[PDB]
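To keep things clear, I will list the structure first and then write my remarks on it.
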Amino acid sequence: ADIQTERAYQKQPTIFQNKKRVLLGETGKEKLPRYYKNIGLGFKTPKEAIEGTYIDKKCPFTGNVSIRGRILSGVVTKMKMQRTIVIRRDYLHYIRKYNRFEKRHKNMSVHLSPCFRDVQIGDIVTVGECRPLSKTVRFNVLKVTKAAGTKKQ
Amino acid sequence: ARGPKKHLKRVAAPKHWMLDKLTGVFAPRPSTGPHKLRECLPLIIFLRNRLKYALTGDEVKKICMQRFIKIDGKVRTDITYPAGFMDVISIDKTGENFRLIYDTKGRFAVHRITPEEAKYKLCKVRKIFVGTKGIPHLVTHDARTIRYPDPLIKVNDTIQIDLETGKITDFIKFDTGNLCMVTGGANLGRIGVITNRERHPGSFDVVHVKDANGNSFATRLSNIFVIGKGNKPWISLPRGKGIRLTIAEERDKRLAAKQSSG
RNA sequence: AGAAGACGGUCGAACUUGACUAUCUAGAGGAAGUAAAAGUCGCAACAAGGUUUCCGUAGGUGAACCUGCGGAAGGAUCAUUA
RNA sequence: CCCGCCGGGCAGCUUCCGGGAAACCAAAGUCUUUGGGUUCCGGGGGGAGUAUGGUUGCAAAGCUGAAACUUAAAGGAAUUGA
RNA sequence: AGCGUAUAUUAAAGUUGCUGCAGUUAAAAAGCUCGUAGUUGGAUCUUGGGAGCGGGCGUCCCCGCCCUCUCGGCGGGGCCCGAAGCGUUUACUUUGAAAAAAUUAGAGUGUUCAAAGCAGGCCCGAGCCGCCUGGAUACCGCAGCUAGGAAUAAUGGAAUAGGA
RNA sequence: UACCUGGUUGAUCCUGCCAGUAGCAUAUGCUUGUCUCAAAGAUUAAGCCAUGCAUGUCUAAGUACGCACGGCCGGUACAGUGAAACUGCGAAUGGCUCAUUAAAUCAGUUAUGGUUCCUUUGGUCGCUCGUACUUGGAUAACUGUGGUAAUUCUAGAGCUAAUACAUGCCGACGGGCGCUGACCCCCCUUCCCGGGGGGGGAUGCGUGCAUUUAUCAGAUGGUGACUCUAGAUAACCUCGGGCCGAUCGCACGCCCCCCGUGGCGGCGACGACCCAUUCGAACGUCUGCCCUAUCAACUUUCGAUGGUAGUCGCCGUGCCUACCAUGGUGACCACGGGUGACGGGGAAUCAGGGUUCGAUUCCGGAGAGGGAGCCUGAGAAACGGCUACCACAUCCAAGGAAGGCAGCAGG
RNA sequence: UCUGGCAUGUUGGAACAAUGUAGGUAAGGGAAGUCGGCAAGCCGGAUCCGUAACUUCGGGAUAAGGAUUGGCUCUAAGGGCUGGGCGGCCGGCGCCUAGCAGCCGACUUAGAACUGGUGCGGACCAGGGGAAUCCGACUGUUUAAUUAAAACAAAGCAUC
């Protein structure tokens with residue numbers, strides 16, 4: 001549960017966790033200020049993103065990221081990573097000579113913010129193109145949707 | 001390529017440029033200026049090819065250092081200066097004034113205007129920024145940045161600017177029911193009234209424009225150019241009111257004119 | 001202000017070795033496939049081709065070929081009598 | 001035991017259903033008046049089920065499998081004689 | 001003012017067959033079974049009914065019709081629906097927006113016809129101290145932008161109720 | 001114009017291919033009277049080049065004591081025609097070839113809110129509170145001397161100057177502000193005399209843009225969302241130093257007011273500190289390539305897949321570094337190889353569906369024998385720039401010098 | 001080296017010639033010597049990588065080839081015991097539970113910094129290797145006192 005597990009403690013540049021204190025009390029009673037901002041296209045910031053205590057430079061809400069260029073989606077297959085879920089999208093290419101199609105898929109890696117917790121295997125996740133923050137990952141998770149889930153036994 | 005290419009070819013010319021194919025392998029490359037070259041016009045092409053005042057590119061240079069050509073009240077020696085949209089070229093020796101605007105055929109036509117009309121102009125803003133010392137400024141499509149604008153002016157508005165004063169005289173917002181002309185794409189060169197507008201958070205917007213003849217069409221925001229208020233433009237217009245007539249209709253008037261003349 | 005020059009830090013042309021890989025190439029001798037004018041044995045298949053034929057396996061043989069276990073009809077037999 | 005009926009069969013036999021080059025076949029039909037789903041598999045005759053690589057086997061051999069070159073026919077069915 | 005040979009390639013060649021083949025005997029069904037990619041996967045969830053608007057919505061052929069919730073937004077009566085949504089998401093169909101030049105389809109253009117070229121044509125006692133016009137359109141596969149269509153193809157909703 | 005015929009035969013129906021048959025590009029062969037257009041060393045040889053050329057340049061407006069000319073005229077003080085050279089700018093464009101390169105270049109769509117950019121244009125250039133009516137030096141051509149076999153070779157002395165280099169001033173404007181604030185004035189509780197509040201304020205530090213930072217308000221502007229463009233709070237502001245004219249021509253004028261020479265003046269050009277636009281520049285999102293399983297399980301101790309903290313990089317990342325659990329890719333064809341493959345816009349032919357060819361003159365990429373490297377420049381990892389190595393080879397007086405025509409002709 | 005033992009192996013002194021026996025070293029070549037690499041020399045330990053043909057699938061294999069190795073100063077990991085709300089205990093009142101506290105302990109492994117005239121398995125110990133041909137399959141045995149081999153035996157095969 002410790003936010004300080006890395007070599008150097010990460011700090012949100014905008015916020016000022018360090019504040020003076022008054023007599024008969026302390027600023028530690030109240031939680032630290034959290035900097036976040038919602039996005040357009042109806043991308044309302046989910047509950048865990050506001051009230052979470054996590055700190056991430058690369059999160060869609062508490063970071064520098066601006067989502068632009070193209071808005072896409074995909075499914076969830078594997079989750080063995082550090083804050084990355086591998087997704088794959090089906091698309092049918094048309095061949096003129098034989099007047100038919102071929103099933104095709106080009107899977108990519110998306111970096112997921114730690115605020116989203118409820119993701120299982122076989123559900124859709126909506127992602128959007130962003131800056132080349134990594135060498136391979138150029139997308140960020142913006143929405144989580146289930147697919148015949150909400151009941152696991 | 002190792003940097004900025006310094007030549008244009010005969011085929012590299014824009015299509016709406018009326019340049020011949022068998023005269024030369026190069027073209028008069030428009031040099032840098034207040035307009036993107038892909039939608040501008042050099043002085044040589046304006047005079048030699050259109051007005052037929054000069055027959056060779058050398059002769060166009062001859063009159064330029066004779067300093068008989070003026071643009072926006074300023075004498076420019078650049079033969080390849082980018083005379084872009086809303087540029088007025090006035091020749092005092094012949095006492096003629098031309099307003100450079102698009103015609104019904106999406107072409108950079110030459111339209112004669114009165115000197116009094118040439119004294120003022122019309123420009124479109126692009127962005128608003130609070131520059132030095134906390135005051136606003138406007139950057140336009142003409143790259144004529146203006147200090148201390150009217151605060152009521154917003155993005156995509158049209159500001160009247162005089163040649164000598166170079167200031168804001170009359171501004172008009174962007175709204176429905178206002179006359180506008182398309183500045184790109186397939187509908188380039190059409191005049192109509194904005195009937196509708198739809199927005200998209202993350203892509204371009206679409207403004208539906210319906211002209212006087214009922215030929216409705218749709219256009220992108222970046223190709224909208226506001227000229228006048230309501231149904232009356234602030235400036236004169238060329239033949240056809242900027243209305244694109246069909247292939248069959250145009251040939252009908254063409255044959256009628258031929259028969260009447262003959 | 002500073003030329004010549006020396007130490008440490010990086011690709012590194014090039015070099016040596018080794019490994020892997022691709023292509024092109026010589027080679028004594030050996031053994032096949034291609035055409036033949038039509039040279040020597042008797043004749044396996046075409047008839048019930050006289051030991052129906054073909055299939056696989058095994059085995060043998062101057063050669064076609066022979067033999068056994070099965071397996072078919074391209075063997076002469078939609079049939080063989082209460 | 002006899003008479004039938006119903007569903008699943010191995011089946012003849014006749015038949016201008018039909019298709020097929022015909023021999024023959026209710027599938028070897030609904031096929032140019034061309035589309036119910038799909039696998040394996042062929043692309044003139046040889047070279048050749050050969051060479052080489054891989055893999056299985058104690059061996060014999062099995063599975064996978066070319067190229068160079070060469071030929072105007074090889075073939076299927078049917079017609080009358082011998 | 002041409003023709004042949006040589007070789008590469010297309011149609012021929014339904015002789016690679018998606019369109020559009022064949023497998024008893026002409027080349028060919030694996031001995032058979034299982035099984036995963038992958039392929040193809042039955043009907044079934046608003047269809048009619050008098051709408052009136054037009055002809056020969058009457059039967060029949062081309063049009064919207066008797067989708068929400070918030071200031072009924074040009075401190076509170078009908079002459080209003082601009083925007084914060086979607087009684088869900090794809091595929092396809094049509095339009096619209098996105099289309100660097102040439103070529104090609106082709107508009108008009110003559111005068112040596114055309115291939116070509118985007119030019120030229122138009123009254124002239126010539127003071128005629130020269131008027132007008134063309135230099136358009138179509139297509140741009142697939143991928144993505146947008147507004148409708150909501151047959152066809154698959155998907156879920158709520159069954160131990162963790163249901164609106 | 002959605003087509004056959006001949007060819008297995010004693011002759012016929014089939015299967016099946018070829019022979020003829022029609023266009024298409026390279027050359028060969030025989031002939032060839034005219035004109036209008038027009039392709040033309042890519043194929044094996046991206047192999048090597050003798051020779052000649054292909055990048056130079058000046059306005060009234062940077063610099064002009066060249067015995068190369070020349071007007072006024074030797075009382076003046078800066079004439080001009082102008083070699084050459086310094087200074088700034090172009091040479092990274094153009095043009096030839098496809099060696100190399102196979103999700104790579106490129107073709108369609110998008111972003112750089114993830115960055116920069118002499119060039120033209122639009123702003124700004126009294127915004128900051130601290131010798132000027134013009135500053136120091138050498139270096140050019142030039143003269144006079146020299147070296148060898150030498151170049152687009154050159155040291156040492158006397159000169160001269162720049163819009164070249166370095167330093168740098170007064171003006172420009174009287175003041176405000178935040179702190180530190182002595183001192184001075186006024187008001188109220190207080191029967192007392194202490195406090196509670198308003199103001200001036202000398203004297204001190206700072207008080208513009210560019211940049212680095214840490215903090216605050218943000219129902220100034222706008223986007224859908226930037227940590228944005230703005231305002232302040234406290235510092236640095238690089239001596240391998242940012243900005244505030246030591247620049248050059250044109251026609252020449254107004255004022256002596258408190259003055260016989262002081263101020264006021266226009267038209268421009270020259271590069272800037274920063275912002276914008278344009279030519280652009282490079283790294284990016286979705287979508288698309290030829291043959292190949294006799295290439296099936298591959299990348300990863302050496303960075304491969306991601307996170308955290310650093311480094312540079314014009315900026316955003318395994319570009320690099322260290323610690324972290326293994327991850328990613330693959331029968332929807334990876335990894336590998338071949339290609340007589342640069343890609344595409346595009347070309348031949350035609351019922352339709354289609355099959356082939358794409359260097360070519362168009363738009364992008366790569367190369368200049370090979371791959372290495374680099375200084376100036378905004379933009380080079382540049383070859384009509386240099387260096388080193390490898391083959392080739394030019395001159396040599398044997399001590400060295402000097403090289404790349406897949407640029408245009410020609411061999 | 002210690003406990004224990006000894007007096008250099010049936011004599012001593014002096015010198016340091018040739019030839020010899022035993023032990024070393026050698027510039028530049030690198031088997032040119034010789035019947036023949038005989039003799040000598042090279043390699044040698046351990047750790048981390050990497051290993052071919054062929055094959056009876058067991059091997060070949062320490063194949064071949066490469067890197068490291070000292071000293072010093074640190075770091076990380078690898079365990080044992082006891083306890084769990086003056087002296088006891090009749091008791092609800094306690095809850096060891098991401099295994100916490102205290103005490104005890106030996107041997108290694110890995111990583112890093114520093115450091116020396118790049119020297120470090122520093123002496124000692126301690127495989128040169130590869131491509132082939134012939135014979136015998138292999139292990140074993142044999143002419144004590146010149147022949148250790150291809151000879152003999154051997155399992156297996158066959159015969160009487």
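Note on naming: chains are A, B, ... as they come in the structure tokens, residues start from 1 per chain, ligands start from 1 in the order shown.
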Name all residues at most 12 Å from residue D:28 (count only C-alpha atoms (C1' of nucleotides); drop same-chain ones fewer than 6 positions away) and give them as a list in words.
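My reading of the contact set: residues 18, 19 and 20 of chain D; 23, 24 and 25 of chain E.
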Compile the contact shell of stretch 60-70 of chain D as a list in words: residues with an atom at most 10 Å away, counting only C-alpha atoms (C1' of nucleotides), same-chain residues fewer than 3 positions apart removed.
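In the requested format, the answer is residues 33, 34, 35 and 58 of chain C; 46, 47, 48, 49, 50, 51, 52, 53, 54, 55, 56 and 57 of chain D; 294 of chain F.
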Pick from B:124, B:93, B:70, B:137: nearest to chain F, with only C-alpha atoms (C1' of nucleotides) counted?
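Using only C-alpha atoms (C1' of nucleotides), the shortest distance to chain F belongs to B:137.
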Chain E contacts on chain B, only C-alpha atoms (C1' of nucleotides), 7 Å, as a CSV table (one decimal) with C-alpha atoms, in the first residue's frame:
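Generated output (out.csv):
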```csv
chain,number,residue,atom,x,y,z
B,11,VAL,CA,3.7,19.8,-63.6
B,12,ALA,CA,4.5,20.7,-59.9
B,13,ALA,CA,2.4,23.8,-60.4
B,18,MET,CA,-3.2,28.1,-65.7
B,218,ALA,CA,-21.4,21.0,-46.9
B,219,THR,CA,-17.9,22.2,-46.2
```
All strand (DSSP E or B) residues (DSSP, backbone) inside stretch 17-125 of chain B, as a list in words:
residues 26, 70, 71, 74, 87, 88, 89, 90, 91, 96, 97, 98, 99, 100, 101, 102, 108, 109, 110, 111, 112, 120, 123, 124 and 125 of chain B
Written file, previous selection with N, CA and C atoms, as a CSV table (one decimal), in the first residue's frame:
```csv
chain,number,residue,atom,x,y,z
B,26,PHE,N,10.5,24.0,-65.8
B,26,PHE,CA,10.3,24.6,-64.5
B,26,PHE,C,9.0,25.5,-64.6
B,70,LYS,N,2.1,47.5,-57.3
B,70,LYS,CA,1.9,47.7,-55.9
B,70,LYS,C,0.9,46.7,-55.4
B,71,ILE,N,1.1,46.2,-54.1
B,71,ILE,CA,0.3,45.3,-53.5
B,71,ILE,C,0.0,45.8,-52.1
B,74,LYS,N,1.9,48.7,-50.9
B,74,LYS,CA,3.3,48.5,-50.7
B,74,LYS,C,3.9,48.0,-52.0
B,87,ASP,N,-5.9,39.9,-51.8
B,87,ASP,CA,-4.8,40.8,-52.2
B,87,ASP,C,-5.2,41.7,-53.3
B,88,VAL,N,-4.9,43.0,-53.2
B,88,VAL,CA,-5.3,44.0,-54.2
B,88,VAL,C,-4.0,44.5,-54.9
B,89,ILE,N,-3.9,44.4,-56.2
B,89,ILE,CA,-2.8,44.9,-57.0
B,89,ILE,C,-3.3,46.1,-57.8
B,90,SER,N,-2.7,47.2,-57.5
B,90,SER,CA,-3.1,48.5,-58.1
B,90,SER,C,-1.9,49.0,-59.0
B,91,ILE,N,-2.2,49.2,-60.3
B,91,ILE,CA,-1.2,49.8,-61.2
B,91,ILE,C,-1.6,51.2,-61.4
B,96,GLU,N,-5.7,51.2,-62.9
B,96,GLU,CA,-6.5,50.0,-62.7
B,96,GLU,C,-6.3,49.4,-61.4
B,97,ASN,N,-7.4,48.9,-60.8
B,97,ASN,CA,-7.3,48.2,-59.5
B,97,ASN,C,-8.0,46.9,-59.6
B,98,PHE,N,-7.4,45.8,-59.1
B,98,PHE,CA,-7.9,44.5,-59.2
B,98,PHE,C,-8.0,43.8,-57.8
B,99,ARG,N,-9.1,43.2,-57.5
B,99,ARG,CA,-9.3,42.4,-56.3
B,99,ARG,C,-9.1,41.0,-56.6
B,100,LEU,N,-8.2,40.3,-56.0
B,100,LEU,CA,-7.9,38.9,-56.3
B,100,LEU,C,-8.8,38.0,-55.4
B,101,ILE,N,-9.8,37.4,-56.0
B,101,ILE,CA,-10.8,36.5,-55.4
B,101,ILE,C,-11.1,35.3,-56.3
B,102,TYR,N,-11.7,34.3,-55.8
B,102,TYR,CA,-12.1,33.1,-56.6
B,102,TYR,C,-13.4,33.4,-57.3
B,108,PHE,N,-8.4,31.5,-59.4
B,108,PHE,CA,-7.9,32.7,-58.8
B,108,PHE,C,-8.0,33.8,-59.9
B,109,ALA,N,-9.3,34.3,-60.1
B,109,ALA,CA,-9.6,35.2,-61.1
B,109,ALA,C,-9.2,36.6,-60.8
B,110,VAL,N,-9.2,37.5,-61.8
B,110,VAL,CA,-8.8,38.9,-61.7
B,110,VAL,C,-10.1,39.7,-61.9
B,111,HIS,N,-10.5,40.5,-60.9
B,111,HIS,CA,-11.7,41.2,-60.8
B,111,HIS,C,-11.4,42.7,-60.7
B,112,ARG,N,-11.8,43.5,-61.6
B,112,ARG,CA,-11.6,45.0,-61.5
B,112,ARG,C,-12.5,45.6,-60.5
B,120,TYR,N,-10.0,49.9,-48.8
B,120,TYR,CA,-10.2,49.0,-47.7
B,120,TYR,C,-10.1,47.5,-48.2
B,123,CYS,N,-10.2,40.6,-44.1
B,123,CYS,CA,-9.3,39.5,-43.6
B,123,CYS,C,-10.0,38.7,-42.6
B,124,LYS,N,-9.5,37.4,-42.4
B,124,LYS,CA,-10.0,36.4,-41.5
B,124,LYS,C,-9.0,36.1,-40.5
B,125,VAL,N,-9.5,36.1,-39.2
B,125,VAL,CA,-8.6,35.7,-38.1
B,125,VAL,C,-8.5,34.2,-38.0
```
Pull out every residue of chain F sitting within 9 Å of chain B, counting only C-alpha atoms (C1' of nucleotides), and send them as a ChimeraX atom specification.
/F:92-94,119-123,127,209,220-222,224,229-231,275-281,362-363,365,379-380
Test item: residues at most 12 Å from residue C:62, only C-alpha atoms (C1' of nucleotides), excluding those fewer than 2 positions along its chain, as an MDAnalysis selection string:
chainID C and resid 41 64:65
Determine, counting only C-alpha atoms (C1' of nucleotides), which protein, DNA and RNA residues have an atom within 10 Å of an atom of stretch 43-49 of chain G; residues of the same chain fewer than 6 positions away are not included. Present the result as a list in words.
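Everything that qualifies: residues 301 of chain F; 66, 67, 68, 69, 121, 125, 126, 127, 128 and 129 of chain G.
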Just the selected residues (N, CA and C atoms (P, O5', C5', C4', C3', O3' and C1' of nucleotides)), exported as a PDB file, in the first residue's frame, please.
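Saved to selection.pdb:
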```pdb
ATOM      1  P     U F 301      20.688 -11.129 -24.635  1.00  0.00           P
ATOM      2  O5'   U F 301      21.389 -10.906 -23.223  1.00  0.00           O
ATOM      3  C5'   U F 301      21.114 -11.774 -22.130  1.00  0.00           C
ATOM      4  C4'   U F 301      22.086 -11.566 -20.996  1.00  0.00           C
ATOM      5  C3'   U F 301      23.522 -11.278 -21.426  1.00  0.00           C
ATOM      6  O3'   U F 301      24.140 -10.418 -20.470  1.00  0.00           O
ATOM      7  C1'   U F 301      23.462 -13.280 -20.168  1.00  0.00           C
TER       8        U F 301
ATOM      9  P     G G  66      41.357 -19.956 -28.533  1.00  0.00           P
ATOM     10  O5'   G G  66      40.251 -19.115 -27.756  1.00  0.00           O
ATOM     11  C5'   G G  66      39.706 -17.944 -28.338  1.00  0.00           C
ATOM     12  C4'   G G  66      38.595 -17.349 -27.510  1.00  0.00           C
ATOM     13  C3'   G G  66      38.955 -16.846 -26.127  1.00  0.00           C
ATOM     14  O3'   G G  66      39.644 -15.609 -26.144  1.00  0.00           O
ATOM     15  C1'   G G  66      36.906 -18.013 -26.037  1.00  0.00           C
ATOM     16  P     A G  67      40.709 -15.259 -24.994  1.00  0.00           P
ATOM     17  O5'   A G  67      39.812 -14.789 -23.766  1.00  0.00           O
ATOM     18  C5'   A G  67      38.988 -13.637 -23.869  1.00  0.00           C
ATOM     19  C4'   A G  67      37.971 -13.572 -22.758  1.00  0.00           C
ATOM     20  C3'   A G  67      38.513 -13.533 -21.338  1.00  0.00           C
ATOM     21  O3'   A G  67      38.959 -12.250 -20.941  1.00  0.00           O
ATOM     22  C1'   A G  67      36.773 -15.110 -21.460  1.00  0.00           C
ATOM     23  P     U G  68      40.253 -12.107 -20.004  1.00  0.00           P
ATOM     24  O5'   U G  68      39.738 -12.517 -18.554  1.00  0.00           O
ATOM     25  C5'   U G  68      38.680 -11.811 -17.924  1.00  0.00           C
ATOM     26  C4'   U G  68      38.177 -12.538 -16.702  1.00  0.00           C
ATOM     27  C3'   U G  68      39.192 -12.772 -15.595  1.00  0.00           C
ATOM     28  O3'   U G  68      39.346 -11.640 -14.759  1.00  0.00           O
ATOM     29  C1'   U G  68      37.960 -14.759 -15.996  1.00  0.00           C
ATOM     30  P     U G  69      40.749 -11.340 -14.041  1.00  0.00           P
ATOM     31  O5'   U G  69      40.866 -12.471 -12.932  1.00  0.00           O
ATOM     32  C5'   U G  69      39.880 -12.607 -11.917  1.00  0.00           C
ATOM     33  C4'   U G  69      40.053 -13.891 -11.149  1.00  0.00           C
ATOM     34  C3'   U G  69      41.333 -13.976 -10.324  1.00  0.00           C
ATOM     35  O3'   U G  69      41.077 -14.664  -9.105  1.00  0.00           O
ATOM     36  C1'   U G  69      41.271 -15.757 -11.883  1.00  0.00           C
ATOM     37  P     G G 121      46.164 -17.083 -12.495  1.00  0.00           P
ATOM     38  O5'   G G 121      45.658 -18.423 -11.806  1.00  0.00           O
ATOM     39  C5'   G G 121      45.046 -18.402 -10.527  1.00  0.00           C
ATOM     40  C4'   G G 121      45.106 -19.756  -9.873  1.00  0.00           C
ATOM     41  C3'   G G 121      46.482 -20.209  -9.417  1.00  0.00           C
ATOM     42  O3'   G G 121      46.775 -19.714  -8.121  1.00  0.00           O
ATOM     43  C1'   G G 121      45.415 -21.948 -10.631  1.00  0.00           C
ATOM     44  P     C G 125      54.805 -30.438  -8.645  1.00  0.00           P
ATOM     45  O5'   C G 125      53.304 -30.945  -8.785  1.00  0.00           O
ATOM     46  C5'   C G 125      52.742 -31.847  -7.846  1.00  0.00           C
ATOM     47  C4'   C G 125      51.248 -31.672  -7.757  1.00  0.00           C
ATOM     48  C3'   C G 125      50.478 -31.910  -9.048  1.00  0.00           C
ATOM     49  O3'   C G 125      50.172 -33.276  -9.241  1.00  0.00           O
ATOM     50  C1'   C G 125      49.770 -29.878  -8.048  1.00  0.00           C
ATOM     51  P     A G 126      50.583 -34.018 -10.599  1.00  0.00           P
ATOM     52  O5'   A G 126      49.662 -33.343 -11.699  1.00  0.00           O
ATOM     53  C5'   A G 126      48.252 -33.310 -11.549  1.00  0.00           C
ATOM     54  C4'   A G 126      47.643 -32.268 -12.445  1.00  0.00           C
ATOM     55  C3'   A G 126      48.054 -32.345 -13.903  1.00  0.00           C
ATOM     56  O3'   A G 126      47.311 -33.309 -14.626  1.00  0.00           O
ATOM     57  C1'   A G 126      48.287 -30.126 -13.147  1.00  0.00           C
ATOM     58  P     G G 127      47.873 -33.892 -16.011  1.00  0.00           P
ATOM     59  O5'   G G 127      47.467 -32.781 -17.072  1.00  0.00           O
ATOM     60  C5'   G G 127      47.952 -32.829 -18.402  1.00  0.00           C
ATOM     61  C4'   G G 127      47.033 -33.630 -19.286  1.00  0.00           C
ATOM     62  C3'   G G 127      47.328 -33.576 -20.773  1.00  0.00           C
ATOM     63  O3'   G G 127      48.310 -34.536 -21.127  1.00  0.00           O
ATOM     64  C1'   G G 127      44.981 -33.354 -20.360  1.00  0.00           C
ATOM     65  P     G G 128      49.576 -34.128 -22.019  1.00  0.00           P
ATOM     66  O5'   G G 128      48.926 -33.764 -23.425  1.00  0.00           O
ATOM     67  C5'   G G 128      49.542 -32.831 -24.290  1.00  0.00           C
ATOM     68  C4'   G G 128      48.576 -31.765 -24.738  1.00  0.00           C
ATOM     69  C3'   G G 128      47.568 -32.174 -25.805  1.00  0.00           C
ATOM     70  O3'   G G 128      46.417 -32.822 -25.296  1.00  0.00           O
ATOM     71  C1'   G G 128      48.654 -30.221 -26.498  1.00  0.00           C
ATOM     72  P     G G 129      45.640 -33.904 -26.196  1.00  0.00           P
ATOM     73  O5'   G G 129      45.103 -33.071 -27.441  1.00  0.00           O
ATOM     74  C5'   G G 129      44.041 -32.143 -27.292  1.00  0.00           C
ATOM     75  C4'   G G 129      43.859 -31.285 -28.520  1.00  0.00           C
ATOM     76  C3'   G G 129      43.327 -31.979 -29.761  1.00  0.00           C
ATOM     77  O3'   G G 129      41.935 -32.227 -29.722  1.00  0.00           O
ATOM     78  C1'   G G 129      45.126 -30.589 -30.364  1.00  0.00           C
TER      79        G G 129
END
```
Please return, as a CSV table (one decimal) with C-alpha atoms, in the first residue's frame, all residues of chain A lying within 12 Å of chain B when only C-alpha atoms are considered.
```
chain,number,residue,atom,x,y,z
A,39,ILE,CA,-11.5,15.0,-21.1
A,40,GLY,CA,-14.0,15.7,-23.8
A,41,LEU,CA,-16.0,13.2,-26.0
A,42,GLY,CA,-17.9,12.2,-22.8
A,43,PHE,CA,-14.7,10.8,-21.3
A,66,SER,CA,-3.5,14.5,-24.3
A,67,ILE,CA,-5.5,12.0,-26.3
A,68,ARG,CA,-5.8,12.9,-29.9
A,69,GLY,CA,-5.4,11.5,-33.5
A,70,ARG,CA,-7.8,8.6,-33.5
A,71,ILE,CA,-10.2,6.8,-31.1
A,128,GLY,CA,-6.8,6.2,-27.9
A,129,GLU,CA,-3.7,7.2,-29.7
```
One number please: atom CA of residue B:14 to atom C1' of residue E:140, in Å, one decimal.
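Atom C1' of residue E:140 lies at a distance of 18.0 Å from atom CA of residue B:14.
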Closest pair table for chain F residues within 7 Å of chain A, only C-alpha atoms (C1' of nucleotides), as CSV:
```
residue,atom,partner,partner_atom,distance
F:110,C1',A:69,CA,5.7
F:111,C1',A:69,CA,5.6
F:113,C1',A:66,CA,6.5
F:114,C1',A:131,CA,6.5
F:224,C1',A:40,CA,3.6
F:225,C1',A:39,CA,4.0
F:226,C1',A:66,CA,6.9
F:227,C1',A:14,CA,6.3
F:284,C1',A:132,CA,6.9
F:285,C1',A:129,CA,6.0
F:306,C1',A:82,CA,6.2
F:307,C1',A:82,CA,5.8
F:308,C1',A:6,CA,5.5
F:309,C1',A:8,CA,6.0
F:316,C1',A:133,CA,5.7
F:317,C1',A:134,CA,4.4
F:327,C1',A:81,CA,6.7
F:332,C1',A:104,CA,5.0
```
Residues of chain E within 10 Å of chain A, counting only C-alpha atoms (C1' of nucleotides) - could you list those as JSON, numbers by chain?
{"E": [18, 19, 38, 84, 85, 91, 141, 142, 143, 144, 155, 156, 157, 162]}
Interatomic distance, atom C1' of residue D:76 to atom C1' of residue C:52 (Å, one decimal):
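These two atoms are separated by 23.3 Å.
By chain and then residue number, the residues within 12 Å of residue A:3 are residues 9, 10, 11, 52, 53, 54, 55 and 56 of chain A, counting only C-alpha atoms (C1' of nucleotides) and disregarding those fewer than 6 positions away in sequence.
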Kindly save the residues from that selection, with N, CA, C and O atoms included, as a short mmCIF file (atom, residue, chain, number, x, y, z; two decimals), in the first residue's frame.
```
data_model
loop_
_atom_site.label_atom_id
_atom_site.label_comp_id
_atom_site.auth_asym_id
_atom_site.auth_seq_id
_atom_site.Cartn_x
_atom_site.Cartn_y
_atom_site.Cartn_z
N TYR A 9 11.16 8.84 -4.67
CA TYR A 9 9.73 9.07 -4.51
C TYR A 9 9.21 9.97 -5.63
O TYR A 9 9.72 11.07 -5.84
N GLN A 10 8.20 9.49 -6.36
CA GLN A 10 7.61 10.27 -7.43
C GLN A 10 6.69 11.34 -6.87
O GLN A 10 5.95 11.09 -5.90
N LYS A 11 6.73 12.52 -7.46
CA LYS A 11 5.93 13.65 -7.02
C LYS A 11 5.15 14.22 -8.20
O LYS A 11 5.69 14.35 -9.30
N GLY A 52 -8.52 8.05 -5.82
CA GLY A 52 -7.38 7.19 -5.60
C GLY A 52 -6.18 7.94 -5.04
O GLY A 52 -6.02 9.15 -5.24
N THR A 53 -5.33 7.21 -4.33
CA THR A 53 -4.11 7.76 -3.76
C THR A 53 -2.88 7.47 -4.62
O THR A 53 -1.77 7.86 -4.25
N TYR A 54 -3.06 6.82 -5.77
CA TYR A 54 -1.95 6.50 -6.65
C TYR A 54 -1.39 7.76 -7.31
O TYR A 54 -2.08 8.77 -7.44
N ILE A 55 -0.13 7.68 -7.73
CA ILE A 55 0.52 8.74 -8.48
C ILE A 55 1.12 8.14 -9.74
O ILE A 55 1.88 7.16 -9.67
N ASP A 56 0.79 8.71 -10.89
CA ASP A 56 1.26 8.22 -12.18
C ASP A 56 1.45 9.39 -13.13
O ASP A 56 0.50 10.14 -13.38
#
```
